[PDB]
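Engineer: Okay, here's the structure, questions in a sec.
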Amino acid sequence: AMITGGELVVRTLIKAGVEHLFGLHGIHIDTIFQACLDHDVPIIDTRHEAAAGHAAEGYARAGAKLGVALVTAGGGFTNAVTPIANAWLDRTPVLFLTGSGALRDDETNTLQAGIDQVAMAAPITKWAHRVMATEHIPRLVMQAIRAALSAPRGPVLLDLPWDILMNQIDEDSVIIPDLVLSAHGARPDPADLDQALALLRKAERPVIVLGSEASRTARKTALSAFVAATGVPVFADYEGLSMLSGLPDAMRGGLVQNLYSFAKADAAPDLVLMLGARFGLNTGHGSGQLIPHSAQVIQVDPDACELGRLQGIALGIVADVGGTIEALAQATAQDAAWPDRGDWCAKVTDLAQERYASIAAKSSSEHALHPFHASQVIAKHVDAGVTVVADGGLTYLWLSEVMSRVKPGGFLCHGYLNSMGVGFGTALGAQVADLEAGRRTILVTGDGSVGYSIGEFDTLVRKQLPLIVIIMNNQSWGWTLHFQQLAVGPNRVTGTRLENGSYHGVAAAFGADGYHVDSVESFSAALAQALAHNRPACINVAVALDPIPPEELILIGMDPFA
Amino acid sequence: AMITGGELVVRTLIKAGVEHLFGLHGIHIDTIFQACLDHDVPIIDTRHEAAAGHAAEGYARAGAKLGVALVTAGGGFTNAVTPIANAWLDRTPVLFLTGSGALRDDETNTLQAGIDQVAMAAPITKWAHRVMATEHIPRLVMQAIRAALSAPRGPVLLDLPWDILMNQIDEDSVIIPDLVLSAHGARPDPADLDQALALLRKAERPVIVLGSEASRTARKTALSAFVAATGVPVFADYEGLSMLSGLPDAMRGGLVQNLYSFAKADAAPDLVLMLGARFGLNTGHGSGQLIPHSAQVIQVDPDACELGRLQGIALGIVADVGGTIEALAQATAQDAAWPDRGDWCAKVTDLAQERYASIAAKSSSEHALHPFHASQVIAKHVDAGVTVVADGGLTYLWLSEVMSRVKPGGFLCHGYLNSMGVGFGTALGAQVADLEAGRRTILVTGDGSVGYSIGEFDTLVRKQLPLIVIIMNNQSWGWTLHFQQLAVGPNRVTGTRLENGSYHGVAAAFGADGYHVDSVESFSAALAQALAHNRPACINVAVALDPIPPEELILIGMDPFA
Amino acid sequence: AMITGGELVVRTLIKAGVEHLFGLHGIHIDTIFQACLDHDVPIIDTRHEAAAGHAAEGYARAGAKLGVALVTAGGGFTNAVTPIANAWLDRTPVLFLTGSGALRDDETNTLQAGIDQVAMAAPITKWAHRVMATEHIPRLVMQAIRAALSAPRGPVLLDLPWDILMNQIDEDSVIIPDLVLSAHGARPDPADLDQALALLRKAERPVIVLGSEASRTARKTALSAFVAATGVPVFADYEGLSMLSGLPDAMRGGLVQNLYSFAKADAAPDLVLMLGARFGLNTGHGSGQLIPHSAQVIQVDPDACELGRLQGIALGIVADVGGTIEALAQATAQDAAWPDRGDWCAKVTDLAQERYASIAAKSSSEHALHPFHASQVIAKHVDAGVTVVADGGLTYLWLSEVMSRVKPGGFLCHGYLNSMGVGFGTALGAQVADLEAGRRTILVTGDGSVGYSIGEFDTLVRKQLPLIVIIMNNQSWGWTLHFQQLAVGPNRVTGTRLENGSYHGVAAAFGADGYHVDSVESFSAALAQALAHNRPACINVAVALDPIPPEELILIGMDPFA
Ligand SMILES: Cc1ncc(C[n+]2csc(CCOP(=O)(O)OP(=O)(O)O)c2C)c(N)n1
Ligand SMILES: Cc1ncc(C[n+]2csc(CCOP(=O)(O)OP(=O)(O)O)c2C)c(N)n1
Ligand SMILES: Cc1ncc(C[n+]2csc(CCOP(=O)(O)OP(=O)(O)O)c2C)c(N)n1
Ligand SMILES: [Mg+2]
Ligand SMILES: [Mg+2]
Ligand SMILES: [Mg+2]
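Residue numbers (UniProt numbering), protein chains in the order written: chain D, 2 to 563; chain L, 2 to 563; chain Z, 2 to 563.
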């Protein structure tokens, strides 16, 4: 028959293995909407394009697969910029399909047309391109997919002029190709794999730090066989945590942010193995905090820029992180000459424990519900059947203190962009990935960050998504209000207080469950209540503002343990 | 004494004459926040950076001045992109002040940093530029203002590294320089102005069409001098309508879209003078449905691409629209012999009025409130004491049909980008520019577009803004659903129905007045009620889905009077 | 019949009045070649696309019209970058027509395809754009011409995919539109015009400075009437010098660079009138050496960025420079009472003349011909019938000192880009424009610079172009060798000597008249010889290296006088 370019897009995505798209409708991309309707593909349609974009991210992260986002021309695309920017830095594999002006209505001042979407998207994407001919649609779509999913994973834009989409050709003119890209990643040269193992055996205090790319390939069975052979502790940046949930408990060092007072302990790691973790913000930069200059560092990253960009390393290998762990278990299933790491692993869990006691010792929840305490109520329900998504300022800095101790099904936190509010978006789409697994999603967000996408309680309800939103309400933009007294001066705070409005009143008005809580018990009663029930909820949690997280004081450059 | 890069900016904006900024606080730009506090200059902080940017647009357009927008690094900037794009196409003079990563922490994977902000805004701005030394700030800020304000007016982006903002210097070492740019625009060469007036005299059915740029300089008394002398009617595209409000009633033609039904009456304009109107969406592209190919066209635009871009004109002048009007009055003051236009002007008002009676005659509001009947209820409250702001899909297309009859102090509608939801931001900042002038602002929005910025009721209450928001709620993304049922098929509707949620409840949750009305009486009661009170209000108006606005059928290329 | 997209281009250029192209043939752009050959418009085909690009600049600047460059896809476009860049900063109206890959051969790794040609040209052009439809060619080309030719004049890039160019439509289906854009530019307000004149009347030591845009619009008759009425002296940067050749000699201040030693004379100008000169390289920046801080500045520029960008000004008008000179003569036709400026005019020509003898006084041509003495030889032939083109390092810094006194038909020197070797290109194109005027072109280049485009002697020969090329050969990259010893150290000069080659031998091996000269008499004799002959000539002049252009010392910030 004769199908439209819109249909050609959809066949190609179905051929890849795509089963959900997140989007918001426009006349310009309606041919895709029509084709999805025809091929029984869900198109979760949100209230803001950005929220749909982040929804694709969360699906991609929580799902360990490709996320797809669909936005209309002009305003559709520009509303989509923040999720693209976010997925760019988080290294999140998301295909962004956008409509634009008709080729033939080029340069005529028509509606939603005239802005250079690929130009805009270029410095934010692994690849961005505008389709010039309908026959190109199947192969350009697959190309776009391949680029996003290969290492390092990242966001890709495909600009589908209205003109090309509506247009129609003969089904036989064109070939819908398969996704013919191996699921297995590239492995290091046998020469280096041996040198890195030789180094790890000589190590007295060795550690491994997992990055985002450990989670995208998700090679758990091979990682377990490897830790089970060498017996070395394992840390991760935020994205990496999901991986540490198949590991014995003494071999779990937790969040990379623990390796801080390992110096002040005369116990600083002897060697560091970085698999996908970059010398960015999550690893304490080139400063030496979490990773020590003295230490001999082995860094694996598909992207050779990252190889000792900030510190000098000892060995740097270009390869896929997931494909590397496979090559690691394989070469460690004959060794058997691996030292006992008891005394080392012992202190690792000890130092993490001291921090947990040191914060619980500082926590007074006498007058207003301390935030470190509230996070514990949440900790109580976190296991492999629960994806946790974090947003807000101080509120996610408090969760990190409680997150090393539990074993989550997914954990999705801020990337280098650190854009407040992308929480709803990411969380929503996370739940759609979690529906298959039976996992349930919980968003822990700030009173500020919820305001960005508050309308999404509508989408939650319309699409029947049982996401629980916990709003840690301190009646302010938390992180910034602290900066104002702590970096500027006590009496002068502006543009940061948010002392107005029932967020729970909003959610109830949008059709979701309202809960209001201020005490520890009030909160635990409500969280267990919302979890028991199988529909969307909002919990407005009154927390103190004054308390200063240890992580806030690390990042400006001070010791919270001195 | 010693100053910081932030202070330098604030002093430079004050020497320009700026009295409000719209922003959203982040630590990267806190320096400006602090300097503003010192100088009693208000920063209206919203819930989303987008809403802030659009608020600067609304400030600018309704204020006939520069609108200033301030956003933080990274997510702060990318969230502000929809406002920049809109400002670009609307030709709206807005200065966009963005923070970025520190210069000394360049290329290190730090926080909110690594996205090429200037590159991203390049295709959307008259000028984009990242500041490289703290002493450059005062002259780089002024150069940005001049860039923004010169014709054609447009957005300008100025990236201030955090490094450079926090950074510190001597008061007398650098110079806060003055705003030296003449307010009066450039005039056509007299030989061309004479060609034009000669042409205008010989015309049998002459019209004038105003664009954005007429409203920007706002030379009202020079238009009245010119119309009341040649006696020619005057039309305007959306941005230009504000300018027709101090004009004699007979020589007002209304919105440029009334020139449709002018052919079928053998009364198509003989000559068309276009002052800032571009050929494109507002003026019926190159089709000659509005501007007939037969007519002698005279076009005046600051930007030369624009001159006869889609049609052939007889005269194309590069000049300021504002200054061209001044010359049009100048050259008309001695000229005694202008023909009588009484019969033609009678014909213009006659054709426009037949249109109105034709719509009312086809409008039943018995089963559910007709969107037209609803639009009339609003129009009876519109005079020069009111700025009406429009958003949504079908809802604004209906409102246009009543807007030609009333003389508004401001009318801010969709530009070419047609981004749904920009209504809140613009409407908010419009109310800020309106407070000083004493005028009151109404936003007339659809049920879809309001969901975009619905947390902004928070800003409406925190900041004490008596903005009334009418939601024309047809429980669907109206305009796209009409495309789906009319051009694809009645049973093929997906992703456009919005069958959920109390919007008036949402406003009531943030502390605004809630109204839910459905009949003509109820709504008029509700509107008059909210207007009496100096308070932020939300009117949720239940309106019909089925009716097709005459503009929907015109823009698709059909006759709606057939 | 049916014509080609190539034909559609040529028909449109023809309607603009384009009578010559500069280019270099590729198969992608052959349809334009066929259409030019069909319609007898000459395409001057050079040996390098950069020479073709620059030749178009010279044609534009020397003919005071639009210039058109035509380069093929890929290498054709990239070779064209330096001319586009130069035209951008010189403000030169140049249409760049480029081929690119076939739309339907998109992303297929083909011949000459794949490089984002509009992206690369975006920051270098007023407008860069890829043509998307064969129907579009006529209106897009004219839109391009309008954008290049509007104030401020600058280069435009039009990308014409080979696919769309080969395409064939029906003649009658598309309309080849006229150039309807008034040749007179916009004039200043009459409030401001009068303020400037009253300020000019109150002035005690007023001066006028013409910049690039004065030569573009070329409003000579209006300038003669204006200086001859107020009697104020008049300077110019390099581009502006051509206009000073229709002026009584005492009223000629010459090159703007004379106003240097005017301060230490207590003769620093009271008031400065800037017509299109920008605060920058030619005008001693924001430093106030040439354009004093004490003095009141009145600045007129099409681009408002420029208005007091580096100094504070007293008045700043957005207007076309050509139009402003008109308005000025106009307003001076009634103004009978302009004071006598005899005392000031005399002082001016006196100081410029003293500086001149000050250099001849310190010049010795005994052991090798002095570069200034050599410059004087050339000055003896410069009149209204000669276009002089300068290139090279020291060699042109020497001419400037001799150039103020003589009144040339054209004078084309380096723009802000200051790119060596662009001489042949610009000069060759200059000679083509000069054929209509009867003027002859003479290029003064250095030994390093001729080296860039040396093969162009071949184009001079094949194409019968009697351009005379004087090489001031000091067997080195002069300017950089001087920086090395004068700012770095005596004994450390590397990579700057060019002690090799017969340049005259090269020109003769290509077909042109070869001359070798080292003394004053040899040089004057041969220069006079090649001029009598109506052929292309090369003159290789051995000049001294050790000398030091006063300008070379006026730019590090030091003083070549007191
Ligand atoms: C998109 C974006 N990202 C980051 C910032 C800067 N920022 C970092 S933390 C913060 C306050 C967040 O408040 P909230 O979400 O309530 O969390 P809290 O720290 O108050 O608990 C802001 C404004 C910003 N202004 N915009
Ligand atoms: C930012 C943006 N997103 C999506 C669209 C596509 N679109 C055009 S009209 C329309 C429906 C608008 O709905 P609503 O605000 O309720 O107005 P109404 O239903 O009354 O027409 C949509 C989704 C758009 N033009 N801009
Ligand atoms: C395109 C380009 N422009 C400028 C320079 C830097 N530069 C400025 S002057 C100069 C020497 C010019 O030598 P020549 O052409 O012989 O003139 P001379 O001063 O030696 O007489 C150089 C290399 C450069 N390397 N490349
Ligand atoms: Mg908070
Ligand atoms: Mg609606
Ligand atoms: Mg030389």
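Backbone N, C-alpha and C define an ideal beta-carbon position, used for all residues, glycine too.
Closer than 6 Å by C-beta to Z/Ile469: which residues in its own chain qualify, once you throw out the five before and the five after it? Chain order, please.
Structural biologist: Here the set comprises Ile443, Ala531 and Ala538.
Engineer: When we look at the beta-carbon of D/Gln118 and count the other beta-carbons within 10 Å, is it buried (16 or more) or exposed?
Structural biologist: Buried, since its Cβ has 16 or more Cβ neighbours within 10 Å.
Engineer: What are the uninterrupted segments assigned as beta strand (DSSP E) that are 3 or more residues long and contained completely in the segment 21-49 of chain Z, given in chain order?
Structural biologist: Listed in chain order, the complete beta strand (DSSP E) runs (minimum 3 residues) inside the segment 21-49 of chain Z are 22-25 and 44-46.
Engineer: Relative to ligand 6, what is the chain-ordered list of residues with a Cβ closer than 5 Å to any of its non-hydrogen atoms?
Structural biologist: Ordered along the chain, the selected set is Z/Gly447, Z/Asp448, Z/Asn475 and Z/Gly479.
Engineer: Using a Cβ-Cβ distance cut-off of 8 Å, determine whether Z/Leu141 contacts chain D.
Structural biologist: So, interface residue.
Engineer: What I want to know is whether the C-beta of Z/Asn87 ends up closer than 7 Å to one or more non-hydrogen atoms of ligand 8.
Structural biologist: Although ligand 8 was asked about, the structure shown includes only ligand 1, ligand 2, ligand 3, ligand 4, ligand 5 and ligand 6 as ligands.
Engineer: Z/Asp344: which of Z/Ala251, Z/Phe412, Z/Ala338 and Z/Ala332 sits nearest, CA to CA?
Structural biologist: That would be Z/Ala251, whose Cα lies nearest to the Cα of Z/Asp344.
Engineer: Could you compute how far the alpha carbon of L/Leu282 sits from the alpha carbon of D/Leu112?
Structural biologist: Going by the C-alpha atoms only, they are around 6 Å apart.
Engineer: Take Z/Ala123 and list the residues in its own chain whose beta-carbon comes closer than 8 Å to its own, dropping the five residues that flank it on each side.
Structural biologist: The residues are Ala129.
Engineer: Using beta carbons (cut-off 8 Å, strictly below), is Z/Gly309 in contact with chain L?
Structural biologist: For Z/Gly309, the answer is yes, since a Cβ of chain L falls inside 8 Å of its Cβ.
Engineer: Tell me, please, whether the CB atom of L/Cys306 is closer than 8 Å to any CB atom in chain Z?
Structural biologist: It does: the Cβ of L/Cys306 has a partner Cβ on chain Z nearer than 8 Å.
Engineer: Could you tell me which uninterrupted beta strand (DSSP E) segments, each at least 3 residues in length, are contained entirely in the segment 338-417 of chain Z, listed from first to last along the chain?
Structural biologist: Counting only runs of 3 or more, we get 387-391 and 411-413.
Engineer: D/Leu104 versus chain Z: which residues are under 8 Å apart at the beta carbon?
Structural biologist: Simply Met133 and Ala134.
Engineer: Mind reading off the beta-carbon distance from L/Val257 to L/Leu370? Whole number of angstroms is fine, and I expect it under 8 Å.
Structural biologist: At roughly 28 Å, the Cβ-Cβ gap does not stay under 8 Å, so L/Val257 and L/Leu370 are not in contact.
Engineer: Is any beta-carbon of chain L found at less than 8 Å from that of D/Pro124?
Structural biologist: For D/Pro124, the answer is yes, since a Cβ of chain L falls inside 8 Å of its Cβ.
Engineer: So, helix, strand or coil for Z/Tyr239, using DSSP?
Structural biologist: Three-state DSSP puts Z/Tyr239 in a helix.
Engineer: By the DSSP assignment, the beta strand (DSSP E) with Z/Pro84 in it spans what residues?
Structural biologist: It is not in any beta strand (DSSP E) - Z/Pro84 instead sits in the alpha helix (DSSP H) that spans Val82 to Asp91.
Engineer: Spatial neighbours of D/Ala434 within its chain, please: C-beta separation below 6 Å, excluding the five flanking residues on both sides.
Structural biologist: Excluding positions up to five away in sequence, the list reads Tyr60, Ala63 and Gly64.
Engineer: Is the CB of Z/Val210 under 8 Å away from at least one CB in chain L?
Structural biologist: So, not an interface residue.
Engineer: Can you have a look at Z/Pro43 and say buried or exposed, based on whether 16 or more other CB atoms are within 10 angstroms of its CB?
Structural biologist: Label assigned to Z/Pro43: exposed.
Engineer: Under a three-way DSSP split, which group does Z/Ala266 fall into?
Structural biologist: Residue state, collapsed to three classes: coil.
Engineer: Give me, in chain order, the residues of the same chain whose beta-carbon lies closer than 7 Å to that of L/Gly255; leave out the 5 immediate sequence neighbours on both sides.
Structural biologist: Here the set comprises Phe236, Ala353 and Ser405.
Engineer: Quick one: residues in its chain with C-beta nearer than 7 Å to the C-beta of L/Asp190, no 5 flanking neighbours on either side, listed in chain order?
Structural biologist: Taken in chain order, the list of residues that qualify is empty.
Engineer: Based on the DSSP output, what are the partners of L/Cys539 in its beta bridges?
Structural biologist: BP columns for L/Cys539 point to L/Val470 and L/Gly515.
Engineer: Rounded to whole angstroms, how far is the Cβ of residue 1 of chain Z from the Cβ of Z/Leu201, which I believe are closer than 8 Å?
Structural biologist: There is no way to answer for residue 1 of chain Z, as the model of chain Z reaches only from 2 to 563.
Engineer: Report yes or no: do three or more beta-carbon pairs, one from the segment 479-493 of chain L and one from the segment 502-510 of chain L, lie closer than 8 Å?
Structural biologist: As far as the Cβ criterion goes, the segment 479-493 of chain L does not touch the segment 502-510 of chain L, which means the pair count is below three.
Engineer: Quick one: measure Cβ to Cβ for Z/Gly424 and Z/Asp392, integer angstroms, because I've assumed they're closer than 8 Å.
Structural biologist: Their Cβ separation, rounded to whole angstroms, is 3 Å, which keeps Z/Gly424 and Z/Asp392 in contact under 8 Å.
Engineer: Report yes or no: is there a C-beta of chain D within less than 8 Å of the C-beta of L/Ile116?
Structural biologist: Output row for L/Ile116: interface = yes.
Engineer: Are there any heavy atoms of ligand 4 lying less than 7 Å away from the beta-carbon of L/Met143, as far as the coordinates show?
Structural biologist: For ligand 4, not one heavy atom lies less than 7 Å from the Cβ of L/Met143.
Engineer: Quick one: is the Cβ of L/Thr396 within less than 7 Å of any heavy atom of ligand 5?
Structural biologist: Yes, ligand 5 has a heavy atom inside 7 Å of this Cβ.
Engineer: Could you check if L/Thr481 belongs to the surroundings of ligand 2, using beta carbon to heavy atom distance under 7 Å?
Structural biologist: Answer for L/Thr481: yes, Cβ within range of ligand 2.
Engineer: Using a 10 Å radius around the Cβ and a threshold of 16 neighbouring Cβ atoms, would you call Z/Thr495 buried or exposed?
Structural biologist: Flag for Z/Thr495 reads exposed.
Engineer: Report the residue from Z/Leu22, Z/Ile28, Z/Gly232 and Z/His49 whose alpha carbon sits nearest the alpha carbon of Z/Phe458.
Structural biologist: Comparing Cα positions, the closest option is Z/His49.
Engineer: So is D/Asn168 buried or exposed if we call it buried at 16+ other beta carbons inside 10 Å?
Structural biologist: Buried.
Engineer: Classify Z/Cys37: buried if its beta carbon has 16 or more other beta carbons within 10 angstroms, exposed otherwise.
Structural biologist: So Z/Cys37 counts as buried.
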